[PDB]
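Trainee: My questions will all concern the structure given below.
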Ligand SMILES: [Hg+2]
Ligand SMILES: [Hg+2]
Ligand SMILES: [Hg+2]
Ligand SMILES: [Mg+2]
C-alpha cells in the first residue's frame, strides 16, 4: 500500500468523521475540538471550512436536499444549511437534543446505516483512556424525529459499520478495546446477540479502536488510535487479523473509502497531545492521509433520510 500525506489540508486537533459524497466527489470531515467542519475536493484541490460554537462530531449530507447537512452540535442533532465555502453556516435548525438533562455528555461518532437511518452514540465530555467516566449510550434517529436507545454503558462511543447483507452491525466502544458484532434486524431496527468479533489484547495490537468502515469483500478497516496504524479484520470468523497498514501519525481516528473508483482510503488523525501518550509530541501532528493500493473497493457514504 502507498500512504500519502495530503499536504493541501494542514493539521487537525482531532480530525474525525470522514464522509465521501460520491455524486460530488467531495470529502467532508470534522475537527471535534476546534468546532469546525471541513470540505475537500481532491480533483480540483479545493479546501474550505466552516465554524460553529459547539463541539461537533459528524457531518452527513441530508438525502434529497442539496446544501443541507445533518450534524452534531454537542448533544443536538441539527440541520446545517451551508454553501460549502463561506466560513459560517447560513442557518442552523435543531432536530432533537438526544440527552437534554445530561449536561456533561456530547455526541461522538455517527453514521447512516444502509437504509439512511442515523445512528450515533454519546459519551462524557471528559471521558478518558484507558479509564474514565462511563455515561454513553447508542441511539438511532427514527421517523417521528425522536431517538431510540439500543445500547448503554458505553465509555467512548465510536465506529459503526453494517454488513453487506444487512444482517449484522459492528460497533466500537473504544474503552473496551474490541470490536463487537450484533445481529441487526432491518425491519424493526433492533440489535441483539452482542458478541466480541475482535479483541485487541489477543493479537498484541497496541492502542484503541476508533472509527471503522467495511469494504466490498466484507472485511473491516479499523483506525487504531495510539497504534499508528489501520488494521484489516475478518467478519467471516472471529479474532482474525488480516493486515496492518502503518500510518505516520500515531493517533489515527477514522477511515472512509473515496476517490472516483472508491478504492482510495482517506484517514483522519489527531494532533492533540494526551497525557500518558506512548509517543513523543513531535510525532503527534494530526494530518489527513490517503492510502492507495489496498486491492479492494468500499462503498460511497450514505445520506441521512429524515
Ligand atoms: Hg462546513
Ligand atoms: Hg458548515
Ligand atoms: Hg459555515
Ligand atoms: Mg472516533
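In the authors' numbering, the protein residues as written are 3 to 308.
Built from N, CA and C at the ideal position, the CB exists for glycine as well.
For the region 72-80 against the region 45-58, are there 3 or more C-beta pairs whose distance is under 8 Å?
Mentor: Cβ pair count under 8 Å is three or more, so yes.
Trainee: Give every residue whose Cβ lies closer than 5 Å to any heavy atom of ligand 3, listed in chain order.
Mentor: Qualifying residues come out as 52, 84, 90, 91.
Trainee: With three or more C-beta pairs closer than 8 Å as the rule, is the region 7-20 touching the region 227-245?
Mentor: In short, these stretches do not touch, since the Cβ pair count stays below three.
Trainee: For residue 185 versus residue 194, is the C-beta spacing smaller than 9 Å?
Mentor: Their beta carbons are under 9 Å apart, which means residue 185 touches residue 194 by this criterion.
Trainee: Going by beta carbon distance, what residues of the same chain come within less than 7 Å of residue 117, once the five residues before and after it are set aside?
Mentor: Within the same chain, residue 117 has close Cβ partners 188.
Trainee: Any idea if residue 237 is buried or exposed, counting beta-carbon neighbours within 10 angstroms, 16 or more meaning buried?
Mentor: Buried, because 16 or more other Cβ atoms sit within 10 Å of the Cβ of residue 237.
Trainee: Run the proximity test for residue 124: is its beta-carbon closer than 8 Å to any non-hydrogen atom belonging to ligand 1?
Mentor: Outside the cutoff, so no.
Trainee: If residue 258 sits next to residue 63, beta carbons under 8 Å apart, how far is it from one beta carbon to the other, in whole angstroms?
Mentor: Rounded, the Cβ-Cβ distance is 13 Å, inconsistent with contact.
Trainee: With respect to the beta strand (DSSP E) encompassing residue 38, which residues constitute its N-terminal and C-terminal limits?
Mentor: Segment 38-43, the beta strand (DSSP E) holding residue 38.
Trainee: Does ligand 1 have a heavy atom nearer than 8 Å to the CB of residue 57?
Mentor: The answer is no for residue 57.
Trainee: Hey, which residues come within less than 5 Å of ligand 4, measuring from Cβ to any heavy atom, in chain order?
Mentor: In chain order, the hits are 111, 160, 212, 213.
Trainee: Any heavy atom of ligand 1 closer than 8 Å to the CB of residue 86?
Mentor: Residue 86 Cβ: within cutoff of ligand 1.
Trainee: Check residue 89 in the structure and name its three-state DSSP category.
Mentor: It is coil, neither helix nor strand.
Trainee: Would a C-beta distance cut-off of 9 Å place residue 176 and residue 227 closer than the cut-off?
Mentor: Their beta carbons are under 9 Å apart, which means residue 176 touches residue 227 by this criterion.
Trainee: Using a Cβ-Cβ cut-off of 7 Å (strictly less than) and excluding sequence neighbours within five positions of residue 163, which residues of its own chain qualify?
Mentor: Hits under 7 Å: 172, 214, 215, 216, 222.
Trainee: Does the region 263-271 come into contact with the region 284-291, if we say contact requires no fewer than three beta-carbon pairs (one atom in each stretch) closer than 8 Å?
Mentor: Output reads yes: the region 284-291 touches the region 263-271.
Trainee: Three-state secondary structure (DSSP) at residue 67?
Mentor: Coil at residue 67, not helix or strand.
Trainee: Is it buried or exposed for residue 139, if we count other Cβ within 10 angstroms and need 16 for buried?
Mentor: It is buried - the Cβ of residue 139 has at least 16 other Cβ atoms within 10 Å.
Trainee: Who are the near neighbours of residue 65 in its chain, counting only those whose CB is closer than 7 Å to its CB and skipping five residues on each side?
Mentor: These residues qualify, in order along the chain: 118, 305, 306, 307.
Trainee: What residues in its chain sit with their C-beta under 7 Å from that of residue 15, if we drop five residues either side in the sequence?
Mentor: Same-chain partners within the cutoff: 33, 35, 36, 272, 273, 274, 288.
Trainee: Starting from the Cα of residue 43, find the closest Cα among 235, 261, 113, 98 and give me that residue.
Mentor: If we check each option's Cα against that of residue 43, 261 comes out closest.
Trainee: Mapping DSSP to helix, strand and coil, what is residue 60?
Mentor: Residue 60 falls in the coil class under three-state DSSP.
Trainee: Does the beta-carbon distance from residue 161 to residue 225 come in below 9 Å?
Mentor: Contact: yes.
Trainee: Using C-beta distances below 6 Å, list every residue in its chain close to residue 251, excluding the 5 sequence neighbours before and after it, in chain order.
Mentor: Answer for residue 251: 271, 287, 289, listed in chain order.
Trainee: In its own chain, which residues sit with a C-beta less than 6 Å from the C-beta of residue 196, not counting the 5 before and 5 after it?
Mentor: For residue 196, where only same-chain residues beyond five positions count, the Cβ hits under 6 Å are 182, 184.
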